[PDB]
Amino acid sequence: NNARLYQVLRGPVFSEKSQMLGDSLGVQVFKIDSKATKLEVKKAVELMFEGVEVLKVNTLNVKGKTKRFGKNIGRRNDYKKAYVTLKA
Amino acid sequence: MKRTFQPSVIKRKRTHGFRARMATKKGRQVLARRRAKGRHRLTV
Amino acid sequence: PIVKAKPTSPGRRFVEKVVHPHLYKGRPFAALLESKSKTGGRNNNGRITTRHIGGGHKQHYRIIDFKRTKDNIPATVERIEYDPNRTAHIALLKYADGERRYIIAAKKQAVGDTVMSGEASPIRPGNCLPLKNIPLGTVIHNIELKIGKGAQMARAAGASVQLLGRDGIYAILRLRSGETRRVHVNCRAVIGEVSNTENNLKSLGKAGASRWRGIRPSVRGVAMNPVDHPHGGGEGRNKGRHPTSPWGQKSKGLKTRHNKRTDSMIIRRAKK
RNA sequence: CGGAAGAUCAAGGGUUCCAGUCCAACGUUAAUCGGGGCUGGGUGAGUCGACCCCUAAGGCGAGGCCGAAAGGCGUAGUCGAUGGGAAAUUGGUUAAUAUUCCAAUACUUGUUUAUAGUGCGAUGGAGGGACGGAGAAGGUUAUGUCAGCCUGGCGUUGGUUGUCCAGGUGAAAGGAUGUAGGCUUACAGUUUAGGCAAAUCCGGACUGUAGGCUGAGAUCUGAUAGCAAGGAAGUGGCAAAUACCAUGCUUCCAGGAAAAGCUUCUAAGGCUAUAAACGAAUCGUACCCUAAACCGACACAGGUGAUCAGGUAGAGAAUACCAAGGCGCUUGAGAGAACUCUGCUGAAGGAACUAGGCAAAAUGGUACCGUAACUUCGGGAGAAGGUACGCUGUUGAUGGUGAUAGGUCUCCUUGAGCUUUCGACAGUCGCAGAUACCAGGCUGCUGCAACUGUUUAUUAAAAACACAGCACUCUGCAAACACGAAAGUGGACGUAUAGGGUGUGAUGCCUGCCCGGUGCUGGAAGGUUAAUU
């Protein structure tokens, strides 16, 4: 369905690896939904950025860091990010 | 020298885990006792 | 026969091995094979119920045709093989229809000769006959006890039974145990003595050879403490008690036979 | 340090990884530093692993069996890896990932469509998968070393334009090929007491006709890759693994997983080639891992499975010194008493020490010579004890590889260069040549136990236990015996040449008397004798 592809992409990644990949190979780095597949990432990117064609999706899960605060021991959310290669 | 603990996750979860407790009447009584005491850790 | 090892090692000084050059050097017929894992002498409770059992070589089970119901179809002895599951040799039989089976090899049974099963069969080593078609006084083995159940008695290496006579529907047999017994005359037996007659002439030589066969060491009762064995205890060497098992049962003459249903099938025993 | 204290993992941990920033606490001192605080970042796969398909031990187990209850067992099945089952390699790149990204060249397996031909189909049948110990001869490669080549250098001190010095330099998987090895008659026809039914498939029985499978490596291709001082080289000899051929071969007895994938056959009732397009999900991937990150309360001298395995010596994965790589072990500074620890040397003596040569000192390699009592003929034995050993030159013999020639992954002869292993002669230096490290002390009498083994984790390793061997006895198979309440099990898919119990304990010579006591076995004439009636 089309109401699932809107929630697949959670936000772009802004870091030096992201910027280097975008400059050199023109790949987009996204934070994606933790339950999203590579096929849904392909469809979401091509749907929401009209005029672009996805070549390859590489995905990974990254664990959240244990960051204490006051007397507590919490931890950040896990999250999944995708590297999306585009037809230039 | 070699010490007593010698950890192994498969062995731990198969001898003490949630399914091993739930698979016996006495393990379910273990779990009921832990829930009545209010333990945040039910099983290994 | 028996060959002595040269005393090159102290562990070789007393090895007397049984050597049969005529046994097949290859692998058993794979269709008549089953996987068979050791028990360690432990039952379904996981408890040791038979002591001194452990380790040894991996071995397959050979499916032996103890029943011999392929009657009136001649079989040729394709080869004679060593069997790790028993002391006797096993003859691979190839029937006229091409079906292959394993049987207990008789002592006077070689490669090429034909064995027969049924009632109209010659009195030759390897043939399987009902006991009523077997003339008195011939040496037989692989005796049935129930009709159709298969051979149970006289199956070990060198086994033989004397067919003494008949007293109705029962055949009178003298067993190697020295027991005269009656067996229903419609039960079967195989003509001849079982092969590997020099089984009990062998000498293992060393402890490791016993370990290779899956026999764990055996600790005497007087070598224990009284909490382990009735023979345990004592300052120095002492017996102190009538001999018993680790469960308090006498071991020096006490008879242990309960079967009241089979009591009438036994004629007598021998006293020496 | 360098058979790690280097590198790759697994297990375990869980962010310890990288950067910036801070130094209170933590770090056995200080700290600007950190595995500490804080804030950001970082892990990219059809091919690696998991998942997945398959099964081992062992679990659970429709029904079933047993059991006061709870439950115990078990059939079909269903789970369960530590095992079987598809497939990529070289190079570059980040501060931190890389067989994942990028480049180049590969491979595996699917779906859809289309073109032809066309009997397809299984949880079942048969094949196959598919397997032990040891040992040996080869052929190789990885790798090394020298050379060749390229780029630089002419040396703080005699000499060094040379036969000089240093550094650099060798592309894989794959595709062809089919070698050293290993195995091995092939086809056609007829028929069928078998493979639970069926079978064109296997098995069996008959009749004529006469190189193939597998396979390391080399070679060709891949291949105008990449790689430094700013635009270079890049191919020959020799040596050589414990890796590969090889799940081979040869031997032995203790006789050597399973099931699936896969190939075929049919039973009830789509498939094979050709491509073209399009796919191959999900989870792990950082980092430690002989450790400061795991197990030991600690940044603890302990423990922790597998993999890789450079040089010179060397038998060697010992040892010594080095390479790549990594470290200097998170208190230092003095002083240089006693005394303690760990070492080195020691006059004369040489066990006088002491419970006791405890400890120490000593011996130690290779080759050759030589070697006693006794013996079970194997041994003892490396008995004991001697001699030689460095370097230089000359010289004899010899194994391997094989350029160049003479008669197509070929054969035969000669054999350059390199290399191996044994001698002889002559000289020469030193106190000393197995010069360091490394590396048996030996012998005589006697007790014990045959021996290899096992044991009191943490004061006892032994003469104790075990042991092959011996005897007695039980056990006729629903065996005796053992677990269990029973069902169900082990014994054993064994069968008296077997299995259980007990004692003894290789071997040699052997093992006397006693049946009163207590057991065990047999017997029943008599006496006594329960419930019951």
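Naming convention: chains lettered A, B, ... in sequence-line order (proteins, then strands); numbering from 1 in each chain. Heavy-atom basis, side chains included; hydrogens, waters and symmetry copies ignored.
With its ring centre under 5.5 Å from that of the base six-membered ring and a plane angle below 30°, C:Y82 counts as stacked on D:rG255. Stacking here means ring centres nearer than 5.5 Å and ring planes tilted less than 30 degrees, and by that measure C:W247 does not stack onto D:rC481.
A heavy-atom distance below 4.5 Å is found between the side chains of C:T244 and C:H231.
With both hydrogen-bonding distances under 3.5 Å, D:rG453 and D:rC465 qualify as a Watson-Crick or G-U wobble pair. Taken together, D:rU161 and D:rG91 do not constitute a Watson-Crick or G-U wobble pair, since the relevant N/O distances do not both lie under 3.5 Å.
Rounded to a whole angstrom, the distance from the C1' atom of D:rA383 to that of D:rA506 is 26 Å. Nucleotides D:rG135 and D:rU456, compared at atom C1', are 42 Å apart to the nearest Å. Comparing the same atom, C1', in D:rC9 and in D:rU304 gives a spacing of 14 Å after rounding to whole Å. Look at the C1' atom in both D:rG316 and D:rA240: the space between them is 15 Å, to the nearest Å. Of the P atoms belonging to D:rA273 and D:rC287, the separation is 46 Å, rounded to the nearest Å. Taking atom P in both D:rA318 and D:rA176, the straight-line distance is 45 Å, to the nearest Å. Nucleotides D:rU140 and D:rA241 have their P atoms positioned 12 Å apart, rounded to a whole Å. Taking atom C1' in both D:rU290 and D:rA317, the straight-line distance is 16 Å, to the nearest Å.
The base of D:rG490 has none of its N or O atoms less than 3.5 Å from a complementary donor or acceptor on the side chain of C:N43. At a cut-off of 3.5 angstrom, the base of D:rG491 holds no donor-acceptor pair with the side chain of C:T49. Taking only distance into account, the side chain of C:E34 meets the base of D:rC493 through a donor-acceptor pair shorter than 3.5 Å. On a pure distance criterion of 3.5 Å, no polar donor-acceptor pair joins the side chain of C:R47 and the base of D:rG490.
Judged by the 6.0 Å and 45° rule, A:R10 forms no cation-pi pair with A:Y79.
Classification of the D:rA315/D:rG316 step: stacked, the six-membered rings being closer than 5.5 Å at their centres and less than 30° apart in plane orientation. When the rule of centres under 5.5 Å and planes under 30° is applied to the neighbouring bases of D:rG35 and D:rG36, their six-membered rings do not qualify as stacked.
With both pairing distances under 3.5 Å, D:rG117 is matched to D:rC271 as a Watson-Crick or G-U wobble pair. Using Watson-Crick or G-U wobble geometry with both donor-acceptor distances under 3.5 Å, D:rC422 finds its partner in D:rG396. D:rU123 makes up no base pair with any nucleotide shown, lacking Watson-Crick or G-U wobble contacts both under 3.5 Å. Both distances falling under 3.5 Å, in either a Watson-Crick or a G-U wobble arrangement, place D:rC483 opposite D:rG488. In this structure, D:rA461 forms no base pair with any nucleotide, since neither Watson-Crick nor G-U wobble geometry is met with both distances under 3.5 Å. Pairing of D:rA291, defined by two Watson-Crick or G-U wobble distances under 3.5 Å, is not identified with any nucleotide. A 3.5 Å limit on both hydrogen-bonding distances identifies D:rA498 as the Watson-Crick or G-U partner of D:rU475. With both pairing distances under 3.5 Å, D:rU28 is matched to nothing as a Watson-Crick or G-U wobble pair.
Each of C:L23 and A:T37 lies near RNA chain D, and the nucleotide nearest C:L23 is the one positioned closer to the 5' end. Residue C:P28 is the one, among A:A36 and C:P28, whose nearest nucleotide of RNA chain D lies closer to the 5' end (criterion: closest heavy atom).
A donor atom on one side chain and an acceptor atom on the other are found under 3.5 Å apart for C:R257 and C:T262.
Anti is the classification of D:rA10, since its glycosidic angle lies more than 90° from 0.
Considering CG of C:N196 and NZ of C:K202, their distance stands at 8.5 Å, rounded to 0.5 Å.
The minimum heavy-atom distance between A:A44 and A:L9, with the atom names listed, is CB-CG, 4.1 Å.
For C:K252, base contacts fall in the minor groove; the major groove has no atom under 5.0 Å of its side chain.
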